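Comments concern the structure below.
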Ligand SMILES: CCCCCCCC/C=C/CCCCCCCC(=O)O[C@@H](COC(=O)CCCCCCCCCCCCCCC)COP(=O)([O-])OCC[N+](C)(C)C
Ligand SMILES: CCCCCCCC/C=C/CCCCCCCC(=O)O[C@@H](COC(=O)CCCCCCCCCCCCCCC)COP(=O)([O-])OCC[N+](C)(C)C
Ligand SMILES: CCCCCCCC/C=C/CCCCCCCC(=O)O[C@@H](COC(=O)CCCCCCCCCCCCCCC)COP(=O)([O-])OCC[N+](C)(C)C
Ligand SMILES: CCCCCCCC/C=C\CCCCCCCC(=O)O[C@@H](COC(=O)CCCCCCCCCCCCCCC)COP(=O)([O-])OCC[N+](C)(C)C
Ligand SMILES: CCCCCCCC/C=C\CCCCCCCC(=O)O[C@@H](COC(=O)CCCCCCCCCCCCCCC)COP(=O)([O-])OCC[N+](C)(C)C
Ligand SMILES: CC(C)[C@@H](O)CC[C@@H](C)[C@H]1CC[C@H]2[C@@H]3CC=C4C[C@@H](O)CC[C@]4(C)[C@H]3CC[C@]12C
Ligand SMILES: N[C@@H](CCC(=O)O)C(=O)O
């Protein structure tokens, strides 16, 4: 029981478990475990706030010069109003043929 | 970013006896602040963040 | 084209390549106003021996006396249109060929006629990169010196009234020493300090202090690794696209070699009008000086051939080329208009392209990669970055060496 | 003494592109009597006064369209939007507590 | 995960500094007037290590005043160590080293593909300059390429994704455009854009014609004027570049 | 164990584990404290990410 | 152009003056409870 609370208390950084290992061999393994439980937590908490919000970047369009706007694609649909000034702006332009 | 910066003007036929009086009152209302007042009451609302 | 002095005998010193084949060296007759027999070898020379062997002609290689690549200077003080450099020598009959990195230009193509390129390349910008300097107090940087004091001062103010709120509260208490260790071990997150504050009042103050110490440490450690190494954001330039280079500012100095293809490219361009005027002030006589000028932080950028600039970045690792290529005109072997050797020179260049001879020439001379290349990996904190904190622990032992005597003498006094 | 200079800028490039399309030639000349325009004692000076007195056909530059000038000279379509704006130096930013 | 610090920096904190600090804590406590079980050097090393890994591990603290001051200094160091180590722990730990299976046209997988692992499946569109160069240079590799001859760039482009073909050898200018204009940015050119048998395009004017001199100067004029750079941006640009 | 020590123990876990709290006795309470410790790990990660 | 992030934040007092308000509020609040708990004991 005191060995389980040592492993769990070290992993969760709670004070639960006050029995340090007594023997030399269990003290080596019980301190590398602390380093393991520090990398594991650090890599878990390195980007946790990003997973909570879960925001997908590269969605806003930088403008008419966006490469995804330059080429057609079925995933991205962009359009205007029929028979307006935007229609004849793109129709008359040479580069914006696609 | 804005492109094709062409503004909104009143359309009229070529003859248009009101050709110059319309533009002069548009220019005057620009300097009078009338269009600035029109923008505040109709375009500038700003409901949220 | 490397140039090295010859030995005392007057013959080139024998040197070998990494593979083991002897390096072919050609005795030049270039200047130092005095013409001496020097030693020449390199990519262009190695191609020259191949051209000579296949097309069956001998040669007498001599460096250009003017020292310039070649540009059209119809100076109006004499009202004469003259070429200066290797272009001038070729047209004046001094030299029958130009085996050198001669950029295929429209201006030169009118008078002399080139061959098929033997090196496809363009123009890029060479900079000094950014050396991350480190100090001994880099770990004291994320906080201003003033709130470093308030952080320390508030430890003792809290500790004093933690003990006062326990000594006089109606109620195993909290002595002044145990209050200092509580308000210090909480701040540093050390285990020392085991007496939790008694009393309702000290517990409130002793728990907001823990939250205060958490924010104080979190804001201190939020960007500590950035302060330890330091770096200039992004790069100095990213090609000819940023406003920092479009117009001069007297703080960024960019220049090229005088009387070269880069001079004509910027002079003829209509948009690059302020660039040319800024470059005209600091334009260098030779590329080698401009490479050296960037080294000792006196030239901020160097717009030169991508074939040569990329070679420098491989050898001297303190220089890193930046920006995409532009004016993609390769190196052709110049010749006069008649040039009975033109047809065979281009065919031997084309055939040696497909034969893999140029690829072998690139590996032996251009492709070295002495130092590590660039990547997106984060910086690893080295010895110099962490040297500040090592003197903090070392100074924590020396201080304790003089502290232990005070503690021993204190008990005797009391 | 009609000394000759070299003129370039945003408006000049527009003038060049206009000249090719409309097929007309021109001879620019800078002002000497004032600049831009102002009706002093009922007389227009500056860039707008040299079109009033038939000294030239057009006044390419930084002329702003307004009712006063447009009643004495014909203005083309605005090739760039301008107006009145106030320029000041930046204030001292204050970090709000409870951040 | 050991990359955030250099190897020699790793050594000092945990071989030189930690031992000396642990000895200092033990020495200070030994001579301290106020110094449960007695403090030993093993407890000092266990206490210093635990401070490095936050403070989750149970430890035994010293009783001397100056010994606690040294531990406090080590605690400040342990605060700095975690800050600098964990700043880029995730960034270092997602780095991927994509290793190519081939190096170039001179690779043994191309020259002698039979006497190897399951044979490399590479081919090219015939009746072109690429096949001619391989015909003259690599006689053995060309014969093996005959079985995998494709019908076009588009036909060979999809054969790479399906798996029927492994390596497509073709023009650099076309392959760069296909690599740049791609869905998912999955098709790449070996050598990070390495080009073998470096040649160029060119208008194949009639032999011994007077138009060659003027055409050549016209092409070089586009280079100097920058018109060629605009043309490359308009046509030879993709989302993978 | 009382209730002030429970609140003091939970608060201290939120601010790392610096303060000298008093731990409970028994598997069930120590499991609940361990669950709160996991929450305190998430709280610090989210709070200090953009501090 | 878009403004680049201003790194190397020295983090002066004005940045962190809000935290010291929290510590100062607890300092005053704890004193009030100290006075309050004396009145409770007295009466
Ligand atoms: C997360 C927190 C947990 C722990 C919290 C612990 C809290 C404990 C709190 C302690 C209070 C300590 C206050 C000083 C802090 C150092 C910063 C400093 O002054 O640097 C200075 C830089 O100066 C230099 O670059 C050279 C000197 C650097 C070291 C300063 C000596 C400090 C001496 C005392 C050491 C005391 C140690 C204790 C013994 C009594 C900046 O200030 P300046 O001088 O105006 O700069 C000039 C500008 N210039 C450099 C561009 C020219
Ligand atoms: C006990 C043993 C030391 C403990 C250190 C603990 C912190 C360890 C952190 C060390 C990090 C380095 C900080 C300073 C870096 C900038 C300064 C610099 O470069 O020059 C300095 C180097 O530094 C020193 O000589 C030591 C500085 C100690 C700072 C703390 C003293 C606290 C005193 C508080 C008293 C408060 C009042 C007390 C009464 C109320 C001095 O320069 P110099 O001497 O002219 O020679 C230059 C050296 N050089 C030629 C090799 C280049
Ligand atoms: C994440 C970033 C870092 C990653 C890496 C670092 C993290 C991993 C690191 C882990 C290291 C863990 C060290 C724990 C220390 C235990 C000490 C101990 O039990 O002492 C015992 C004795 O011991 C001694 O007297 C000698 C002390 C040195 C022991 C060093 C062992 C290292 C083994 C290899 C370590 C490397 C393994 C890791 C790689 C495989 C008992 O103590 P005592 O009897 O009370 O005292 C004796 C006094 N007496 C004789 C008078 C009674
Ligand atoms: C470049 C610089 C880098 C610096 C990095 C530093 C990193 C962190 C490093 C070190 C921090 C840890 C050490 C400092 C604290 C020591 C004192 C303590 O904890 O307890 C003392 C309480 O003492 C008292 O009762 C008197 C109160 C004042 C003592 C502290 C003064 C300032 C110490 C300097 C603070 C810094 C200056 C702050 C400036 C605003 C000891 O009590 P005593 O009475 O001796 O006990 C014996 C009596 N008894 C047996 C009856 C119990
Ligand atoms: C950015 C970070 C986060 C945001 C900031 C957060 C900062 C941190 C903020 C606040 C932390 C405050 C921690 C309080 C510690 C509780 C323990 C205690 O006081 O002990 C006492 C418990 O008292 C009782 O008996 C009543 C318990 C009810 C709650 C009392 C605390 C409320 C104070 C709210 C004031 C809020 C002040 C906030 C000001 C800003 C005495 O213990 P005991 O005698 O063993 O009790 C026996 C129990 N019995 C009576 C049933 C027998
Ligand atoms: C004195 C004893 C009580 C122990 O502290 C003694 C602990 C000690 C054995 C550990 C501790 C840290 C280890 C290094 C961590 C990282 C690297 C980088 C890697 O690229 C190569 C290995 C190296 C340098 C490790 C070497 C061992 C190391 C110094
Ligand atoms: N551009 C203005 C003059 C400058 C100003 O706005 O004051 C004009 O043509 O009258």
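Just so it is clear, chain C uses Swiss-Prot numbers, and the residues here are 409-440, 448-586, 599-841, in order.
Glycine too: its Cβ is placed from the backbone N, Cα and C atoms.
Binding of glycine is attributed by Swiss-Prot to C:516, C:518, C:523, C:688, and within the candidate set C:461, C:581, C:732, C:745 the record adds C:732 to that site. Given the ranges C:547-568, C:603-624, C:625-646, the record in Swiss-Prot names C:603-624 as region 'Pore-forming'.
Secondary structure at residue C:436 (disulfide bond), as computed by DSSP, is coil. When the record's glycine-binding residues C:516, C:518, C:523, C:688, C:732 are compared pairwise by CA position, the greatest distance found is 17 Å. Around the Cβ of residue C:674 (N-linked glycosylation site), 11 further Cβ atoms fall within 10 Å across all displayed protein chains. For ligand 5, no neighbouring recorded positions occur among C:454, C:471, C:491, C:732, C:744, by Cβ distance under 6 Å. Under 8 Å from some Cβ of the topological domain 'Cytoplasmic' (C:616-627) lie the Cβ atoms of residues 577, 580-581, 584, 586, 599-602, 605-606, 608-610, 633, 640, 644, all in the same chain and six or more residues away from its ends. According to DSSP, residue C:688 (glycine binding site) sits within a helical segment.
Each of the disulfide-bonded residues C:436, C:744 was scored by how many other Cβ atoms lie within 10 Å of its Cβ, and the smallest score goes to C:744.
Other than the site residues C:516, C:518, C:523, C:688, C:732, same-chain residues with C-beta atoms no more than 8 angstroms from the centre of those residues' C-beta atoms, the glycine site, are C:484, C:517, C:519, C:520, C:687, C:756, C:758. Taken residue by residue, the topological domain 'Cytoplasmic' (C:616-627) breaks down under DSSP into 1 helix, 0 strand, 11 coil.
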